[PDB]
$ cat final-v1.csv   # CSV, C-alpha atoms and all ligand atoms
chain,number,residue,atom,x,y,z
A,259,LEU,CA,168.0,52.9,53.1
A,260,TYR,CA,169.8,53.2,56.4
A,261,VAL,CA,173.6,53.1,56.3
A,262,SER,CA,175.7,53.3,59.5
A,263,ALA,CA,179.3,52.7,60.4
A,264,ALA,CA,182.0,53.4,63.0
A,265,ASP,CA,185.7,53.1,62.1
A,266,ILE,CA,188.2,53.7,64.9
A,267,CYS,CA,191.7,53.1,63.5
A,268,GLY,CA,193.9,53.4,66.6
A,269,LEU,CA,195.6,56.0,68.7
A,270,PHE,CA,197.6,58.9,67.3
A,271,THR,CA,200.4,59.8,69.8
A,272,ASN,CA,201.4,63.5,69.8
A,273,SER,CA,204.9,64.9,70.2
A,274,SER,CA,204.4,65.3,74.0
A,275,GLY,CA,202.8,61.9,74.1
A,276,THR,CA,199.2,63.0,74.4
A,277,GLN,CA,197.2,60.3,72.7
A,278,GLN,CA,194.1,60.9,70.6
A,279,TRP,CA,191.9,58.8,68.4
A,280,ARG,CA,191.8,58.7,64.6
A,281,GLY,CA,189.1,57.5,62.2
A,282,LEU,CA,188.7,57.1,58.5
A,283,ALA,CA,185.7,57.2,56.2
A,284,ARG,CA,184.0,54.1,54.9
A,285,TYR,CA,182.8,53.4,51.4
A,286,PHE,CA,179.5,51.7,50.7
A,287,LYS,CA,178.2,50.2,47.4
A,288,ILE,CA,174.7,48.8,47.9
A,289,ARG,CA,173.1,46.7,45.1
A,290,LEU,CA,169.3,47.2,45.3
A,291,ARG,CA,166.4,45.5,43.5
A,292,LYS,CA,162.6,45.5,43.4
A,293,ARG,CA,161.2,42.8,45.7
A,294,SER,CA,157.5,42.0,45.2
A,295,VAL,CA,155.9,41.8,48.7
A,296,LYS,CA,152.4,41.5,50.1
A,297,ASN,CA,150.5,44.6,51.4
A,298,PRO,CA,150.4,44.1,55.1
A,299,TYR,CA,147.9,46.9,55.9
A,300,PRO,CA,144.6,47.0,54.0
A,301,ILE,CA,142.0,49.8,54.4
A,302,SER,CA,140.7,48.1,57.5
A,303,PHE,CA,144.0,48.9,59.2
A,304,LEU,CA,143.9,52.3,57.5
A,305,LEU,CA,140.4,53.3,58.5
A,306,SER,CA,141.1,52.2,62.0
A,307,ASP,CA,143.9,54.7,62.3
A,308,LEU,CA,141.5,57.6,61.7
A,309,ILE,CA,139.4,56.4,64.6
A,310,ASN,CA,142.6,56.2,66.5
B,14,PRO,CA,138.0,-3.4,76.4
B,15,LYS,CA,134.9,-1.2,76.5
B,16,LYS,CA,135.8,2.3,75.3
B,17,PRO,CA,134.1,5.2,77.1
B,18,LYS,CA,131.7,7.6,75.5
B,19,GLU,CA,133.2,10.3,73.4
B,20,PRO,CA,133.8,13.6,75.4
B,21,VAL,CA,131.8,16.6,74.5
B,22,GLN,CA,133.5,19.1,72.2
B,23,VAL,CA,134.4,22.1,74.3
B,24,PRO,CA,136.2,25.2,72.8
B,25,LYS,CA,140.0,24.6,72.4
B,26,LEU,CA,142.2,26.7,74.6
B,27,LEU,CA,145.1,28.0,72.5
B,28,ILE,CA,147.2,30.0,74.9
B,29,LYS,CA,146.5,31.2,78.5
B,30,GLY,CA,148.5,34.1,79.9
B,31,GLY,CA,148.8,37.8,80.4
B,32,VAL,CA,148.2,40.7,78.1
B,33,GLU,CA,150.9,39.6,75.6
B,34,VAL,CA,148.7,36.7,74.6
B,35,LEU,CA,146.3,38.9,72.7
B,36,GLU,CA,148.7,39.2,69.7
B,37,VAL,CA,148.1,35.6,68.5
B,38,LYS,CA,147.1,35.3,64.8
B,39,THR,CA,143.9,33.2,65.2
B,40,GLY,CA,141.0,32.5,62.9
B,41,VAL,CA,137.7,34.2,62.4
B,42,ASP,CA,135.8,32.3,65.1
B,43,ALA,CA,138.2,33.0,67.9
B,44,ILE,CA,137.0,34.2,71.3
B,45,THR,CA,139.1,35.8,74.1
B,46,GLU,CA,138.4,36.3,77.8
B,47,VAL,CA,140.1,39.2,79.4
B,48,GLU,CA,140.2,39.0,83.2
B,49,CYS,CA,141.3,42.2,85.0
B,50,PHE,CA,140.5,44.5,87.9
B,51,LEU,CA,140.3,48.1,88.9
B,52,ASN,CA,141.4,49.7,92.1
B,53,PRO,CA,139.1,52.3,93.8
B,54,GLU,CA,140.3,55.8,93.9
B,55,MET,CA,138.9,56.9,97.3
B,56,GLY,CA,141.3,59.8,98.0
B,57,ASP,CA,144.2,58.0,99.8
B,58,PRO,CA,145.0,60.6,102.4
B,59,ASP,CA,148.6,59.4,103.0
B,60,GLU,CA,150.8,56.5,101.9
B,61,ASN,CA,149.8,54.2,104.8
B,62,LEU,CA,146.1,54.4,104.2
B,63,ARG,CA,145.2,53.2,100.7
B,64,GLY,CA,141.6,52.6,100.0
B,65,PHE,CA,140.3,55.0,102.6
B,66,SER,CA,139.4,58.7,102.2
B,67,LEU,CA,140.4,61.6,104.3
B,68,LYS,CA,138.1,62.4,107.2
B,69,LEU,CA,134.8,64.1,106.4
B,70,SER,CA,134.2,67.8,106.8
B,71,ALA,CA,131.2,67.9,109.0
B,72,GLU,CA,129.1,71.1,108.6
B,73,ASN,CA,130.4,73.5,106.0
B,74,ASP,CA,128.3,76.5,105.1
B,75,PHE,CA,126.3,76.1,101.9
B,76,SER,CA,127.9,79.2,100.5
B,77,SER,CA,131.4,78.9,101.7
B,78,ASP,CA,131.8,75.1,101.1
B,79,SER,CA,135.3,74.2,100.0
B,80,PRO,CA,136.3,70.5,100.2
B,81,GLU,CA,139.8,69.1,99.7
B,82,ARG,CA,141.0,66.6,97.2
B,83,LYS,CA,141.8,63.7,99.5
B,84,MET,CA,138.3,63.2,100.8
B,85,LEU,CA,136.5,62.9,97.4
B,86,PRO,CA,136.0,59.4,96.0
B,87,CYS,CA,136.5,59.4,92.2
B,88,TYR,CA,135.7,57.1,89.3
B,89,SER,CA,138.1,54.4,88.3
B,90,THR,CA,138.7,53.9,84.5
B,91,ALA,CA,141.0,52.0,82.3
B,92,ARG,CA,141.6,51.3,78.6
B,93,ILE,CA,142.6,47.8,77.5
B,94,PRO,CA,144.5,47.9,74.2
B,95,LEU,CA,143.3,45.2,71.8
B,96,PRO,CA,145.2,44.1,68.7
B,97,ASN,CA,143.8,44.8,65.2
B,98,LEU,CA,142.0,42.2,63.2
B,99,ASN,CA,144.2,42.5,60.2
B,100,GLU,CA,142.1,40.9,57.4
B,101,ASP,CA,141.3,41.1,53.7
B,102,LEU,CA,137.6,41.6,53.6
B,103,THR,CA,135.7,42.7,50.5
B,104,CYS,CA,133.0,45.3,49.7
B,105,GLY,CA,133.8,47.5,52.7
B,106,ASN,CA,133.6,45.0,55.5
B,107,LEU,CA,135.8,45.0,58.6
B,108,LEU,CA,136.2,43.0,61.8
B,109,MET,CA,136.0,44.5,65.3
B,110,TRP,CA,136.0,43.2,68.8
B,111,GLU,CA,132.7,42.8,70.6
B,112,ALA,CA,132.2,42.8,74.4
B,113,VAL,CA,129.7,39.9,74.5
B,114,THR,CA,129.6,39.1,78.2
B,115,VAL,CA,130.9,40.6,81.4
B,116,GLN,CA,131.2,38.8,84.7
B,117,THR,CA,132.1,41.2,87.5
B,118,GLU,CA,132.6,40.8,91.3
B,119,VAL,CA,133.8,43.0,94.2
B,120,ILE,CA,137.2,41.8,95.5
B,121,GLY,CA,137.6,41.9,99.2
B,122,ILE,CA,134.2,41.9,100.8
B,123,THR,CA,135.0,39.9,103.9
B,124,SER,CA,137.7,42.4,104.9
B,125,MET,CA,134.8,44.4,106.5
B,126,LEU,CA,134.7,41.8,109.3
B,127,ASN,CA,137.8,43.4,110.8
B,128,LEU,CA,136.3,45.0,113.9
B,129,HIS,CA,139.4,45.3,116.1
B,130,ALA,CA,141.0,48.0,113.9
B,131,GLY,CA,140.4,51.4,115.4
B,132,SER,CA,136.7,51.4,114.8
B,133,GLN,CA,134.3,53.1,117.2
B,134,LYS,CA,133.3,51.0,120.2
B,135,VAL,CA,129.8,49.8,119.5
B,136,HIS,CA,128.6,50.0,123.1
B,137,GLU,CA,130.2,50.1,126.6
B,138,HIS,CA,132.2,46.8,126.4
B,139,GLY,CA,131.5,46.0,122.8
B,140,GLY,CA,133.7,45.3,119.8
B,141,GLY,CA,134.1,47.7,116.8
B,142,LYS,CA,131.4,49.5,114.8
B,143,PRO,CA,131.3,47.9,111.3
B,144,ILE,CA,131.5,49.8,108.0
B,145,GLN,CA,128.0,51.0,107.0
B,146,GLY,CA,126.5,54.1,105.4
B,147,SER,CA,125.9,55.4,101.9
B,148,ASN,CA,127.2,53.0,99.3
B,149,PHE,CA,127.5,53.1,95.5
B,150,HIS,CA,128.5,50.2,93.3
B,151,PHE,CA,129.1,51.0,89.6
B,152,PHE,CA,130.7,49.4,86.6
B,153,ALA,CA,130.6,50.2,82.9
B,154,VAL,CA,132.0,48.2,80.0
B,155,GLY,CA,132.1,49.6,76.5
B,156,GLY,CA,134.1,50.3,73.3
B,157,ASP,CA,134.1,54.0,73.9
B,158,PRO,CA,134.9,56.1,77.1
B,159,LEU,CA,132.2,56.5,79.6
B,160,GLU,CA,130.2,59.6,78.5
B,161,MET,CA,128.8,61.2,81.6
B,162,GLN,CA,126.8,64.1,82.9
B,163,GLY,CA,127.6,66.8,85.5
B,164,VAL,CA,124.9,66.9,88.0
B,165,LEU,CA,125.8,68.0,91.5
B,166,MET,CA,124.4,69.8,94.5
B,167,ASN,CA,125.7,73.1,96.0
B,168,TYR,CA,127.1,74.7,92.8
B,169,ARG,CA,128.9,77.2,95.1
B,170,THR,CA,131.4,74.5,96.3
B,171,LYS,CA,135.0,75.5,95.7
B,172,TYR,CA,136.6,72.3,94.5
B,173,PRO,CA,140.4,71.8,94.6
B,174,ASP,CA,142.7,71.7,91.5
B,175,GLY,CA,143.2,68.0,91.1
B,176,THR,CA,139.5,67.1,90.6
B,177,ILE,CA,138.0,67.9,87.3
B,178,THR,CA,134.5,69.4,87.7
B,179,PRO,CA,131.5,70.8,85.8
B,180,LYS,CA,132.6,74.0,84.1
B,181,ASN,CA,130.9,77.2,85.4
B,182,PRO,CA,128.0,75.7,87.4
B,183,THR,CA,124.8,77.7,87.9
B,184,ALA,CA,121.7,77.1,89.9
B,185,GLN,CA,120.5,74.9,87.0
B,186,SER,CA,123.5,72.6,87.7
B,187,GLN,CA,121.9,71.5,90.9
B,188,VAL,CA,119.4,69.7,88.6
B,189,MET,CA,119.9,68.5,85.0
B,190,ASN,CA,122.0,70.9,82.9
B,191,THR,CA,122.9,70.0,79.3
B,192,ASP,CA,126.1,72.1,79.4
B,193,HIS,CA,128.0,69.7,81.7
B,194,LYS,CA,128.7,66.9,79.3
B,195,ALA,CA,132.1,65.3,79.6
B,196,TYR,CA,133.9,62.0,79.1
B,197,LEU,CA,135.6,59.8,81.7
B,198,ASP,CA,139.1,60.3,80.3
B,199,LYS,CA,141.2,60.4,83.4
B,200,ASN,CA,141.6,58.1,86.4
B,201,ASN,CA,141.1,59.6,89.9
B,202,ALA,CA,139.9,63.0,88.7
B,203,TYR,CA,136.1,62.9,88.2
B,204,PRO,CA,134.5,62.7,91.6
B,205,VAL,CA,131.4,60.6,92.2
B,206,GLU,CA,129.5,63.4,93.8
B,207,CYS,CA,129.5,65.5,90.7
B,208,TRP,CA,129.3,63.1,87.8
B,209,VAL,CA,126.6,60.6,86.9
B,210,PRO,CA,126.8,58.6,83.7
B,211,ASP,CA,124.9,60.2,80.9
B,212,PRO,CA,121.6,58.4,80.1
B,213,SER,CA,121.4,60.1,76.7
B,214,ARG,CA,124.8,59.4,75.2
B,215,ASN,CA,126.2,56.0,76.2
B,216,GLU,CA,125.2,54.3,73.0
B,217,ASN,CA,128.2,52.0,73.0
B,218,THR,CA,128.8,51.2,76.7
B,219,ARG,CA,126.7,49.2,79.1
B,220,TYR,CA,126.7,50.8,82.6
B,221,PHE,CA,125.1,49.2,85.7
B,222,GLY,CA,124.9,50.8,89.1
B,223,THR,CA,122.9,50.9,92.3
B,224,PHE,CA,122.9,53.4,95.1
B,225,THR,CA,121.6,53.2,98.7
B,226,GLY,CA,121.9,56.3,100.9
B,227,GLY,CA,121.3,56.2,104.7
B,228,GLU,CA,122.8,57.0,108.0
B,229,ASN,CA,123.3,53.3,108.7
B,230,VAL,CA,122.3,50.8,106.0
B,231,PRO,CA,123.7,47.3,105.6
B,232,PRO,CA,126.2,46.8,102.8
B,233,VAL,CA,124.8,43.6,101.2
B,234,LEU,CA,127.5,42.0,98.9
B,235,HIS,CA,127.2,38.7,97.0
B,236,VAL,CA,130.2,36.7,95.8
B,237,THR,CA,129.8,34.1,93.1
B,238,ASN,CA,131.6,32.8,90.0
B,239,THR,CA,128.5,31.5,88.2
B,240,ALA,CA,126.6,34.8,87.7
B,241,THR,CA,126.9,36.2,84.1
B,242,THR,CA,125.8,39.5,82.5
B,243,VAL,CA,125.0,39.6,78.8
B,244,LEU,CA,126.1,42.8,77.2
B,245,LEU,CA,124.0,42.5,74.0
B,246,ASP,CA,121.4,45.0,72.9
B,247,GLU,CA,118.0,44.4,71.3
B,248,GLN,CA,119.7,43.8,67.9
B,249,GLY,CA,122.1,41.2,69.4
B,250,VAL,CA,125.3,43.2,69.2
B,251,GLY,CA,127.4,44.2,72.2
B,252,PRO,CA,129.8,47.0,72.8
B,253,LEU,CA,131.9,47.3,69.6
B,254,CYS,CA,135.5,48.5,70.0
B,255,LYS,CA,135.8,51.2,67.3
B,256,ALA,CA,139.4,52.0,68.1
B,257,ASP,CA,140.9,48.7,69.1
B,258,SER,CA,140.4,49.5,72.8
B,259,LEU,CA,138.2,48.2,75.6
B,260,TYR,CA,137.1,50.7,78.1
B,261,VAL,CA,136.4,49.5,81.7
B,262,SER,CA,135.1,51.9,84.4
B,263,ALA,CA,134.0,51.3,88.0
B,264,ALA,CA,133.2,53.0,91.3
B,265,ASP,CA,132.7,51.0,94.5
B,266,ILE,CA,131.9,53.0,97.7
B,267,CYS,CA,131.1,50.5,100.4
B,268,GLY,CA,130.4,52.7,103.4
B,269,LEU,CA,131.8,54.9,106.1
B,270,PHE,CA,134.5,53.8,108.5
B,271,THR,CA,134.0,55.4,111.9
B,272,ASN,CA,137.2,55.9,113.8
B,273,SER,CA,137.7,55.6,117.5
B,274,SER,CA,137.4,59.3,118.0
B,275,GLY,CA,134.1,59.3,116.1
B,276,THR,CA,135.5,60.6,112.8
B,277,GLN,CA,134.2,59.1,109.6
B,278,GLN,CA,135.9,58.3,106.3
B,279,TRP,CA,135.0,56.3,103.3
B,280,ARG,CA,135.9,52.8,102.3
B,281,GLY,CA,136.3,51.3,98.8
B,282,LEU,CA,137.1,47.9,97.4
B,283,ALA,CA,138.4,46.7,94.0
B,284,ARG,CA,136.3,45.3,91.2
B,285,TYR,CA,137.0,42.2,89.1
B,286,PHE,CA,136.0,42.2,85.5
B,287,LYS,CA,135.8,39.3,83.0
B,288,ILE,CA,134.9,40.4,79.5
B,289,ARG,CA,134.2,37.8,76.8
B,290,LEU,CA,135.1,39.0,73.3
B,291,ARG,CA,134.6,37.9,69.7
B,292,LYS,CA,135.1,39.1,66.2
B,293,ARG,CA,132.2,40.9,64.4
B,294,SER,CA,131.9,41.5,60.7
B,295,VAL,CA,130.7,45.0,60.3
B,296,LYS,CA,130.6,47.4,57.4
B,297,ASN,CA,132.6,50.6,56.7
B,298,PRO,CA,130.0,53.3,57.3
B,299,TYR,CA,132.3,56.0,55.9
B,300,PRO,CA,133.4,56.6,52.2
B,301,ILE,CA,136.9,56.6,51.0
B,302,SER,CA,136.8,60.4,50.8
B,303,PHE,CA,137.4,60.5,54.6
B,304,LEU,CA,140.7,58.7,54.3
B,305,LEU,CA,141.9,60.9,51.4
B,306,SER,CA,140.5,64.1,52.9
B,307,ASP,CA,142.7,63.5,56.0
B,308,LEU,CA,145.8,62.7,53.9
B,309,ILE,CA,145.4,65.9,51.8
B,310,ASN,CA,144.8,68.1,54.9
B,311,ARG,CA,148.1,67.1,56.4
B,312,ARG,CA,150.3,67.3,53.3
B,313,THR,CA,148.9,70.4,51.5
B,314,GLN,CA,150.0,73.8,52.9
B,315,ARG,CA,147.7,75.8,55.0
B,316,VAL,CA,146.8,79.0,53.0
B,317,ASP,CA,145.6,82.1,54.9
B,318,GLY,CA,143.6,83.3,52.0
B,319,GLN,CA,140.6,85.7,51.8
B,320,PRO,CA,137.4,84.1,53.3
B,321,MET,CA,135.7,81.9,50.7
B,322,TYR,CA,133.3,80.2,53.1
B,323,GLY,CA,131.2,81.3,56.1
B,324,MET,CA,129.2,84.5,56.7
B,325,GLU,CA,131.9,86.7,55.2
B,326,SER,CA,132.4,84.5,52.2
B,327,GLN,CA,133.5,86.0,48.9
B,328,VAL,CA,132.0,83.4,46.6
B,329,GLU,CA,128.9,85.1,45.1
B,330,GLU,CA,127.2,82.7,42.7
B,331,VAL,CA,127.7,78.9,42.1
B,332,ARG,CA,125.7,77.4,39.2
B,333,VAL,CA,125.6,73.7,38.4
B,334,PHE,CA,124.8,72.6,34.9
B,335,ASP,CA,123.9,69.0,34.2
B,336,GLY,CA,122.1,67.6,31.2
B,337,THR,CA,120.3,69.4,28.4
B,338,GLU,CA,116.9,71.2,28.4
B,339,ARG,CA,114.9,73.3,26.0
B,340,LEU,CA,115.7,77.0,26.1
B,341,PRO,CA,113.9,78.7,29.0
B,342,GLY,CA,112.4,82.2,28.7
B,343,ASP,CA,113.8,83.5,32.0
B,344,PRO,CA,117.6,83.7,32.1
B,345,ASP,CA,117.4,85.4,35.6
B,346,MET,CA,115.5,82.4,37.0
B,347,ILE,CA,116.3,80.8,40.3
B,348,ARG,CA,116.4,77.0,40.7
B,349,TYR,CA,117.2,74.6,43.5
B,350,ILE,CA,116.1,71.4,45.3
B,351,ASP,CA,114.1,72.0,48.5
B,352,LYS,CA,113.7,68.7,50.5
B,353,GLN,CA,113.6,66.0,47.8
B,354,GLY,CA,112.6,67.5,44.4
B,355,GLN,CA,113.7,70.1,42.0
B,356,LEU,CA,112.0,73.5,42.6
B,357,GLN,CA,112.0,76.7,40.6
B,358,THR,CA,111.4,80.1,42.1
B,359,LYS,CA,111.6,83.6,40.5
C,1,CA,CA,121.1,58.2,72.8
$ encode --input "final-v1.csv" --output "structure tokens" --more "lines below"
Ligand SMILES: [Ca+2]
Amino acid sequence: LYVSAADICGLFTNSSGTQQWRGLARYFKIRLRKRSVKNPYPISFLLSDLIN
Amino acid sequence: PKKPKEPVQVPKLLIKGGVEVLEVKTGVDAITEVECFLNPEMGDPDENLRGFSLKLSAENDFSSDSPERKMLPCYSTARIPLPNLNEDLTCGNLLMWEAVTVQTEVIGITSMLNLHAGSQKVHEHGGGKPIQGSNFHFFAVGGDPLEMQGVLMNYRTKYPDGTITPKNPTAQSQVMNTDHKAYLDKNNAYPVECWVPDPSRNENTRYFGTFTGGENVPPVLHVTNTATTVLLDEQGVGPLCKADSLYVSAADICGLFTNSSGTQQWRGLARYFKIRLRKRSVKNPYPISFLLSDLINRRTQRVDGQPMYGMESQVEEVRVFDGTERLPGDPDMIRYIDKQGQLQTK
């Protein structure tokens, strides 16, 4: 399960004025289940990768 | 009014286009026709002079012969990636592509009528000397790479680094030598003067070629879109594409181009190909224990144990017991199977 994020939350300005970024962490709550799918790759695809 | 007669059922074109068209999910009885070409690899001595070779070294010594890479014509080769026939066959059947029919042609044959192009003056006030000399026209179509044979002359020739050559030639290499087997696995490397296709090992390709060697012979070239070469064997099968790949090879030396100073160099032309494909039901010749043996041998750790196989093996006796028999009087007996039947020494 591939989870990716990018949270830039503005510019922190220092005492001398020198700005710099600031980010915060991001929570994830993924609800999964078991999906019945069809086998895409039989042993004909699988034998032919040995010859590959 | 009067309706015309019903037109004859021809095969239905689904999509014409480039190489991206092969990906279409079609039925079982689909047929494709791949049209392609190969450029000759004649040496190309600079960027302005594609299709020619470098000028020929005239009289090298037989012992100290050392040619250069730009004057050796090489074989052309190419692999055409085919998509997989992803099906759901039973009892170990598959589908593979089959090269049914090739239809080849040399592209550019009337370019040799250019006589005002730095060719040698044919007589005192004549035109230009046309391209003529030793010519070789080859093409090979198969589902495997072109397996060839290293047979040359003058084994003491010092070839350059770019050309791949027969390894360690002897005097036996000037005739048939079984040690010089190789594939055609690289474009513009294998020179024509060292490598002939192997008559003993091209079980899956169909290679066709002719050679005519003379000081001045006519290059006779025919150009036609109705000629048709059938690639089927005695059993009615063509080149099967084991890996989903179609291998196309060629070599077209047309002759020697004599310059105005009298200095000769080669000339090559391209070669059109038109392979007609179909889908063949074959069987799986291999058991399931080749799939699983390759899965295990890349997930189990490699153990550097003591030798348990070979000439320094440490397995001393293996005995196989199957079924019951009456008690034999010799416990130190020796039993095996020789060629077909169970034999029993002492
Ligand atoms: Ca053979």
$ residues_around --input "final-v1.csv" --residues "residue 259 (chain A)" --least-positions-apart "2" --cutoff "10 Å" --atoms "all atoms listed in the file" --output "ChimeraX atom specification"
/A:261,288,290
$ residues_near_ligand --input "final-v1.csv" --ligand "ligand CA 1 (chain C)" --cutoff "9 Å" --atoms "only C-alpha atoms and all ligand atoms" --output "ChimeraX atom specification"
/B:212-216
$ closest_atom_pairs --input "final-v1.csv" --of "chain B" --to "chain A" --cutoff "12 Å" --atoms "only C-alpha atoms" --output "Markdown table"
| residue | atom | partner | partner_atom | distance |
| --- | --- | --- | --- | --- |
| B:94 | CA | A:310 | CA | 11.5 |
| B:96 | CA | A:303 | CA | 10.7 |
| B:97 | CA | A:303 | CA | 7.3 |
| B:98 | CA | A:303 | CA | 8.1 |
| B:99 | CA | A:303 | CA | 6.5 |
| B:100 | CA | A:302 | CA | 7.3 |
| B:101 | CA | A:300 | CA | 6.8 |
| B:102 | CA | A:302 | CA | 8.2 |
| B:103 | CA | A:302 | CA | 10.2 |
| B:104 | CA | A:301 | CA | 11.1 |
| B:105 | CA | A:302 | CA | 8.4 |
| B:106 | CA | A:302 | CA | 8.0 |
| B:107 | CA | A:302 | CA | 5.9 |
| B:108 | CA | A:302 | CA | 8.0 |
| B:109 | CA | A:302 | CA | 9.8 |
| B:156 | CA | A:309 | CA | 11.9 |
| B:157 | CA | A:309 | CA | 11.0 |
| B:254 | CA | A:309 | CA | 10.3 |
| B:255 | CA | A:309 | CA | 6.9 |
| B:256 | CA | A:310 | CA | 5.5 |
| B:257 | CA | A:306 | CA | 7.9 |
| B:258 | CA | A:310 | CA | 9.5 |
| B:294 | CA | A:302 | CA | 11.5 |
| B:295 | CA | A:302 | CA | 10.8 |
| B:296 | CA | A:302 | CA | 10.1 |
| B:297 | CA | A:305 | CA | 8.4 |
| B:298 | CA | A:305 | CA | 10.5 |
| B:299 | CA | A:305 | CA | 8.9 |
| B:300 | CA | A:305 | CA | 10.0 |
| B:301 | CA | A:305 | CA | 8.9 |
| B:302 | CA | A:305 | CA | 11.1 |
| B:303 | CA | A:308 | CA | 8.7 |
| B:304 | CA | A:305 | CA | 6.8 |
| B:305 | CA | A:305 | CA | 10.5 |
| B:306 | CA | A:308 | CA | 11.0 |
| B:307 | CA | A:308 | CA | 8.3 |
| B:308 | CA | A:308 | CA | 10.3 |
$ residues_around --input "final-v1.csv" --residues "region 60-66 of chain B" --least-positions-apart "3" --cutoff "10 Å" --atoms "all atoms listed in the file" --output "short mmCIF file (atom, residue, chain, number, x, y, z; two decimals) with C-alpha atoms, in the frame of the given file"
data_model
loop_
_atom_site.label_atom_id
_atom_site.label_comp_id
_atom_site.auth_asym_id
_atom_site.auth_seq_id
_atom_site.Cartn_x
_atom_site.Cartn_y
_atom_site.Cartn_z
CA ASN B 52 141.40 49.70 92.10
CA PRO B 53 139.10 52.30 93.80
CA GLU B 54 140.30 55.80 93.90
CA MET B 55 138.90 56.90 97.30
CA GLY B 56 141.30 59.80 98.00
CA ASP B 57 144.20 58.00 99.80
CA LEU B 69 134.80 64.10 106.40
CA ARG B 82 141.00 66.60 97.20
CA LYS B 83 141.80 63.70 99.50
CA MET B 84 138.30 63.20 100.80
CA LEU B 85 136.50 62.90 97.40
CA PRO B 86 136.00 59.40 96.00
CA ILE B 266 131.90 53.00 97.70
CA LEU B 269 131.80 54.90 106.10
CA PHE B 270 134.50 53.80 108.50
CA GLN B 277 134.20 59.10 109.60
CA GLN B 278 135.90 58.30 106.30
CA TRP B 279 135.00 56.30 103.30
CA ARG B 280 135.90 52.80 102.30
CA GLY B 281 136.30 51.30 98.80
CA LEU B 282 137.10 47.90 97.40
CA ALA B 283 138.40 46.70 94.00
#
$ residues_around --input "final-v1.csv" --residues "residue 331 (chain B)" --least-positions-apart "5" --cutoff "12 Å" --atoms "only C-alpha atoms" --output "PyMOL selection string"
chain B and resi 347-349
$ write_last_selection --input "final-v1.csv" --atoms "C-alpha atoms" --output "tab-separated table (two decimals), keeping the file's coordinate frame"
chain	number	residue	atom	x	y	z
B	347	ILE	CA	116.30	80.80	40.30
B	348	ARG	CA	116.40	77.00	40.70
B	349	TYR	CA	117.20	74.60	43.50
$ atom_distance --input "final-v1.csv" --atom1 "CA of residue 333 (chain B)" --atom2 "CA of residue 350 (chain B)"
12.0 Å
$ atom_distance --input "final-v1.csv" --atom1 "CA of residue 294 (chain A)" --atom2 "CA of residue 41 (chain B)"
27.4 Å
$ decode --input "final-v1.csv" --residues "region 252-264 of chain B" --atoms "N, CA and C atoms" --output "PDB file, in the first residue's frame"
ATOM      1  N   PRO B 252       8.805 -20.604 -38.355  1.00  0.00           N
ATOM      2  CA  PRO B 252       9.543 -20.143 -37.178  1.00  0.00           C
ATOM      3  C   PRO B 252       8.639 -19.757 -36.022  1.00  0.00           C
ATOM      4  N   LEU B 253       8.690 -20.530 -34.943  1.00  0.00           N
ATOM      5  CA  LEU B 253       7.951 -20.206 -33.734  1.00  0.00           C
ATOM      6  C   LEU B 253       8.740 -19.211 -32.905  1.00  0.00           C
ATOM      7  N   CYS B 254       8.034 -18.257 -32.312  1.00  0.00           N
ATOM      8  CA  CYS B 254       8.664 -17.225 -31.497  1.00  0.00           C
ATOM      9  C   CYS B 254       8.571 -17.662 -30.042  1.00  0.00           C
ATOM     10  N   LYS B 255       9.647 -18.280 -29.541  1.00  0.00           N
ATOM     11  CA  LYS B 255       9.713 -18.853 -28.199  1.00  0.00           C
ATOM     12  C   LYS B 255       9.519 -17.807 -27.116  1.00  0.00           C
ATOM     13  N   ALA B 256      10.512 -16.944 -26.961  1.00  0.00           N
ATOM     14  CA  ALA B 256      10.269 -15.651 -26.367  1.00  0.00           C
ATOM     15  C   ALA B 256       9.512 -14.835 -27.393  1.00  0.00           C
ATOM     16  N   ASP B 257       8.645 -13.951 -26.914  1.00  0.00           N
ATOM     17  CA  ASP B 257       7.773 -13.192 -27.805  1.00  0.00           C
ATOM     18  C   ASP B 257       8.621 -12.145 -28.519  1.00  0.00           C
ATOM     19  N   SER B 258       9.296 -12.600 -29.571  1.00  0.00           N
ATOM     20  CA  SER B 258      10.304 -11.824 -30.274  1.00  0.00           C
ATOM     21  C   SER B 258      10.464 -12.409 -31.664  1.00  0.00           C
ATOM     22  N   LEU B 259      10.639 -11.539 -32.647  1.00  0.00           N
ATOM     23  CA  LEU B 259      10.846 -11.939 -34.030  1.00  0.00           C
ATOM     24  C   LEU B 259      12.206 -11.413 -34.455  1.00  0.00           C
ATOM     25  N   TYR B 260      13.080 -12.309 -34.888  1.00  0.00           N
ATOM     26  CA  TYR B 260      14.465 -11.964 -35.166  1.00  0.00           C
ATOM     27  C   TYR B 260      14.667 -11.898 -36.668  1.00  0.00           C
ATOM     28  N   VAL B 261      15.168 -10.763 -37.136  1.00  0.00           N
ATOM     29  CA  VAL B 261      15.295 -10.466 -38.553  1.00  0.00           C
ATOM     30  C   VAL B 261      16.737 -10.065 -38.817  1.00  0.00           C
ATOM     31  N   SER B 262      17.401 -10.782 -39.720  1.00  0.00           N
ATOM     32  CA  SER B 262      18.798 -10.543 -40.037  1.00  0.00           C
ATOM     33  C   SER B 262      18.953 -10.372 -41.540  1.00  0.00           C
ATOM     34  N   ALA B 263      20.023  -9.687 -41.944  1.00  0.00           N
ATOM     35  CA  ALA B 263      20.281  -9.438 -43.356  1.00  0.00           C
ATOM     36  C   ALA B 263      21.736  -9.053 -43.562  1.00  0.00           C
ATOM     37  N   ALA B 264      22.165  -9.145 -44.818  1.00  0.00           N
ATOM     38  CA  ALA B 264      23.470  -8.665 -45.269  1.00  0.00           C
ATOM     39  C   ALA B 264      23.389  -8.504 -46.775  1.00  0.00           C
TER      40      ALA B 264
END
